[PDB]
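Just so it is clear: chains get the letters A, B, ... in the order the sequence lines come, proteins before strands, and each one is counted from 1.
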Amino acid sequence: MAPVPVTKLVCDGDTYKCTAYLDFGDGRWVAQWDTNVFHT
Amino acid sequence: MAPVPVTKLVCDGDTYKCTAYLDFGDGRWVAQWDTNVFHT
Amino acid sequence: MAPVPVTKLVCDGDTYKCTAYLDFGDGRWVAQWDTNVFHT
Ligand SMILES: CC(=O)N[C@@H]1[C@@H](O)[C@H](O[C@@H]2O[C@H](CO)[C@@H](O[C@@H]3O[C@H](CO[C@H]4O[C@H](CO)[C@@H](O)[C@H](O)[C@@H]4O[C@@H]4O[C@H](CO)[C@@H](O[C@@H]5O[C@H](CO)[C@H](O)[C@H](O)[C@H]5O)[C@H](O)[C@H]4NC(C)=O)[C@@H](O)[C@H](O[C@H]4O[C@H](CO)[C@@H](O)[C@H](O)[C@@H]4O[C@@H]4O[C@H](CO)[C@@H](O)[C@H](O)[C@H]4NC(C)=O)[C@@H]3O)[C@H](O)[C@H]2NC(C)=O)[C@@H](CO[C@@H]2O[C@@H](C)[C@@H](O)[C@@H](O)[C@@H]2O)O[C@H]1N=[N+]=[N-]
Ligand SMILES: CC(=O)N[C@@H]1[C@@H](O)[C@H](O[C@@H]2O[C@H](CO)[C@@H](O[C@@H]3O[C@H](CO[C@H]4O[C@H](CO)[C@@H](O)[C@H](O)[C@@H]4O[C@@H]4O[C@H](CO)[C@@H](O[C@@H]5O[C@H](CO)[C@H](O)[C@H](O)[C@H]5O)[C@H](O)[C@H]4NC(C)=O)[C@@H](O)[C@H](O[C@H]4O[C@H](CO)[C@@H](O)[C@H](O)[C@@H]4O[C@@H]4O[C@H](CO)[C@@H](O)[C@H](O)[C@H]4NC(C)=O)[C@@H]3O)[C@H](O)[C@H]2NC(C)=O)[C@@H](CO[C@@H]2O[C@@H](C)[C@@H](O)[C@@H](O)[C@@H]2O)O[C@H]1N=[N+]=[N-]
Ligand SMILES: CC(=O)N[C@@H]1[C@@H](O)[C@H](O[C@@H]2O[C@H](CO)[C@@H](O[C@@H]3O[C@H](CO[C@H]4O[C@H](CO)[C@@H](O)[C@H](O)[C@@H]4O[C@@H]4O[C@H](CO)[C@@H](O[C@@H]5O[C@H](CO)[C@H](O)[C@H](O)[C@H]5O)[C@H](O)[C@H]4NC(C)=O)[C@@H](O)[C@H](O[C@H]4O[C@H](CO)[C@@H](O)[C@H](O)[C@@H]4O[C@@H]4O[C@H](CO)[C@@H](O)[C@H](O)[C@H]4NC(C)=O)[C@@H]3O)[C@H](O)[C@H]2NC(C)=O)[C@@H](CO[C@@H]2O[C@@H](C)[C@@H](O)[C@@H](O)[C@@H]2O)O[C@H]1N=[N+]=[N-]
């Protein structure tokens with residue numbers, strides 16, 4: 001399938017990005033998106 | 001609760017979207033957001 | 001590491017946000033991003 005599974009998910013409050021490691025190809029592809037990060 | 005759990009998470013480097021399958025209602029609802037996708 | 005693991009992921013179709021609970025600090029930090037939500 002064109003969509004591929006996420007194997008690990010992390011987020012970073014310095015860069016304000018979340019990064020999803022993908023099961024695809026050689027294993028070195030990620031998805032990454034902007035995000036808010038805050039303390040509740 | 002208004003927030004509902006994600007059951008499966010996939011991302012697509014053709015559409016540049018990630019899709020989260022949700023545990024809600026009939027099971028056919030998703031969350032989907034734009035994302036970057038790249039090789040590290 | 002600057003990126004930290006997500007422990008739980010939820011999405012909300014009233015607020016159109018997904019929220020990732022993070023393993024960081026006191027445990028009360030989240031990442032949150034805008035998202036589409038729809039029925040397939
Ligand atoms: C003791 C200790 O260490 N304690 C820990 C804390 O330090 C740590 O908190 C982090 O601390 C960082 C350092 O203080 C701090 O970094 C600063 O952040 C400032 C604010 O950043 C916001 O505004 C800027 C500019 O507008 C944006 O670029 C940022 O992205 C951010 O904006 C946010 O962006 C996201 C993504 O786009 C938005 O998200 C969207 O939200 C909407 C809804 O609103 C939807 O949901 C969307 O879907 C979603 O995507 C957010 O809305 C938005 N939020 C806001 C309020 O706008 C920066 O301004 C600041 O940058 C300056 O300083 C650095 C160096 O320090 C320079 O490199 C930069 O260039 C810049 O320098 C300035 O440059 C200008 C001009 O260029 C100049 O005029 C100035 O004078 C310069 N100033 C200086 C000082 O040089 C800097 O980056 C972090 O913000 C802060 N993080 C958080 C989350 O609070 C906390 C948290 O730890 C972090 O998170 C955890 C989870 C871990 O990952 C951890 O490792 C990480 O550190 O932990 C404390 N420890 N504890 N407990
Ligand atoms: C052999 C093999 O198959 N190898 C595999 C590779 O093929 C595969 O890589 C994919 O290859 C695709 C085909 O080459 C390629 O598609 C093209 O992509 C071009 C670039 O797309 C970017 O720009 C366009 C336009 O600006 C945007 O629409 C796209 O969304 C994308 O922009 C990105 O968008 C995201 C989301 O908004 C941004 O994300 C944000 O980032 C910020 C920070 O920057 C924050 O984090 C935000 O939170 C975050 O959301 C990105 O920043 C941004 N990036 C950039 C750089 O801007 C398209 O331009 C191109 O489209 C043209 O061609 C198609 C048909 O081919 C037409 O349908 C389109 O209409 C368009 O046609 C053109 O139309 C114009 C005018 O309308 C005309 O003038 C032109 O002449 C027309 N040209 C043609 C040719 O017709 C096309 O879609 C993929 O980009 C490429 N993917 C990646 C990730 O590199 C790789 C990867 O595989 C993919 O990913 C994996 C994970 C799996 O899902 C897999 O199934 C999937 O295929 O794998 C190789 N195999 N291996 N290993
Ligand atoms: C019986 C039952 O209960 N059934 C259940 C359904 O109720 C439930 O569906 C939810 O129902 C809600 C109530 O009807 C409904 O709320 C309304 O939504 C309207 C539409 O909201 C869209 O447009 C507005 C404005 O433009 C935006 O603010 C919203 O964010 C949203 O836009 C979307 O935003 C996201 C994020 O930015 C976009 O995402 C991006 O997408 C792009 C691609 O497009 C990329 O992927 C990006 O990465 C991604 O981020 C979307 O694209 C975008 N979509 C669109 C189409 O634009 C609101 O307009 C409406 O607000 C009015 O009413 C409320 C009160 O009701 C007021 O508080 C507001 O202020 C506002 O009031 C109006 O104010 C104006 C001026 O200020 C005034 O002129 C008007 O007269 C006022 N009107 C009123 C009536 O007062 C309101 O919020 C939900 O939309 C609907 N949700 C969905 C998903 O369909 C469903 C689903 O349940 C939900 O989801 C699940 C998963 C669970 O979480 C659940 O708990 C939750 O309820 O379930 C049914 N049950 N079943 N099965």
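- For A:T15, the side-chain hydrogen bond (donor to acceptor under 3.5 Å, both in side chains) partners are A:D12, not counting sequence neighbours.
- A 4.5 Å side-chain heavy-atom check between A:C11 and C:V6 finds at least one atom pair inside the cut-off.
- In this structure, C:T19 and C:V30 have side chains that are in contact, with non-hydrogen atoms separated by less than 4.5 Å.
- Two residues are said to be in side-chain contact when any heavy atoms from C-beta on lie closer than 4.5 Å; A:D26 and B:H39 meet this criterion.
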**OP:** Show your reasoning for whether side-chain contact (heavy atoms from CB on, under 4.5 Å) applies to A:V4 and A:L22.
**Re:** CA-CA 7 Å; A:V4 296; A:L22 307 180; 4.0 Å; yes

Original post:
Hey, mind stepping through B:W33 and C:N36 against side-chain contact (heavy atoms from CB on, under 4.5 Å) and telling me if it holds?
Top reply: CA-CA 6 Å; B:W33 59 93; C:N36 195 8; over 6 Å; no

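- With sequence neighbours left out, the side-chain contact (heavy atoms from CB on, under 4.5 Å) criterion links C:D34 to C:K17.
- Taking the side-chain hydrogen bond (donor to acceptor under 3.5 Å, both in side chains) definition, one finds that A:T35 meets it with nothing, sequence neighbours left out.
- Contact check for B:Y21 versus B:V10: side-chain heavy atoms found under the 4.5 Å cut-off.
- Side-chain contact between A:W29 and B:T40: absent, with no pair of heavy atoms (C-beta onward) separated by less than 4.5 Å.
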